[PDB]
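We begin with a single chain expressed as structure tokens, specifically the form solved without this ligand.
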């Protein structure tokens, strides 16, 4: 039933966790919360134990806490970080204040991988394949990551990859132009844009659009993919945005094969399909998986989709204690994955 908890202060923060978690070592903090690496004696895995900071300090924060826990509890896929555990030392709703989330502490992120070796084209195929496999799953539940970048991808020594740190709000180099300047509502293919940016960088050893501010980055993007045509302009809601875009000197799309010389032409072809300015015309994660670049990895019987994910809570208008109570319910109903 309820584990035995033990209590310790580490770096001016109290941690009260089940004794199954041992040898906690602080590894960073922030506005989100605060994290320790630990050894999970039940699974034998190294884990990140995140203690949320001020999870219920306002309506806004309480709803965000609920949103995060709902999302993490739903994700069950080999290429997406899942929730190993969630707990509170509280014995009742009335003493409920703290929430702890436990996830696998896997390998290193994609940046650190690149720092210690040169990837082969085979590596890039397999890494991007797994990102897209994860995205097919996420997108099939109408979840959008929103914040894909190398530091949000975990990789182990077998080159196995997981997507983590979903964007929970409702650098900038990997972000689709339409969300960066708020041109329109996000669709799932903002994540596909990010993948294109990540893949380009894995192939070339250079950030694709390293802009210093929003305008500089837009200009680098438009130089590659060309300025918007009338069809895309029609979909941009802000009159000011439209006026600004129309103010730019027109530019043709570049030939990507000139931009990525010496790379696998099938890789370049996939990039052309991911980095299209109009999001409705970008390749989807499902379609990209069937792309010839991934022929050695693609298995249509092993690219699963997700259960539907009910996000109707997003339009509820509730009291702080109501979000807190819904959160508590989710802590209580949590069932760990098979050991």
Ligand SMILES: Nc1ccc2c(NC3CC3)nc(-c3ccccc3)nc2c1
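Positions refer to the first chain, counted from 1.
Gap between residue 170 and residue 171: 10 or more deposited residues without coordinates. Higher mean CA B-factor, judged across 29 to 37 and 297 to 305 from the recorded values: 29 to 37. If you average the C-alpha B-factors over 111 to 119 and over 201 to 209, the higher value belongs to 201 to 209.
By the numbers in the PDB entry, the CA B factor is greatest at 43 among 287, 65, 43, 312. For the set 320, 331, 17, 10, the maximum C-alpha B-factor listed in the entry falls on 10. The PDB entry assigns residue 166 a C-alpha temperature factor belonging to the middle third of its chain's modelled residues. For residue 226, the recorded CA temperature factor ranks within the middle third of the chain's modelled residues.
Per-chain ranking of the deposited C-alpha B factor places residue 150 in the lowest third. Ranked within its chain, residue 241 lands in the highest third, by CA B factor from the PDB record. In this PDB entry, residue 291 carries a Cα temperature factor that places it within the middle third of its chain's modelled residues.
The discussion below concerns the form solved in complex with this ligand, not included here.
With the site C-alphas superimposed, the ligand pose in the bound PDB entry sets this ligand onto this chain such that three or more atoms are within 2.4 Å of backbone or C-beta atoms; a blocked site results. The candidate stretches are 203 to 211, 89 to 97, 258 to 266, 227 to 235, and the one lying within 4.5 Å of this ligand in the bound PDB entry by heavy atoms is 227 to 235. Taking non-hydrogen atoms only, residue 129 never approaches this ligand to within 4.5 angstroms in the bound PDB entry.
Residue contact with this ligand in the bound PDB entry: residue 307 places no heavy atom within 4.5 Å of it. Taking the partner from the other structure, this ligand in the bound PDB entry has no heavy atom within 4.5 Å of any heavy atom of residue 59. Among residues of the shown chain, residue 299 is not one whose heavy atoms approach this ligand to within 4.5 Å in the bound PDB entry. Each of 178, 181 and 241 comes within 4.5 Å of this ligand in the bound PDB entry, counting any heavy atom.
Residues 277, 278, 279, 280 are the members of 262 to 289 with a non-hydrogen atom no more than 4.5 angstroms from this ligand in the bound PDB entry.
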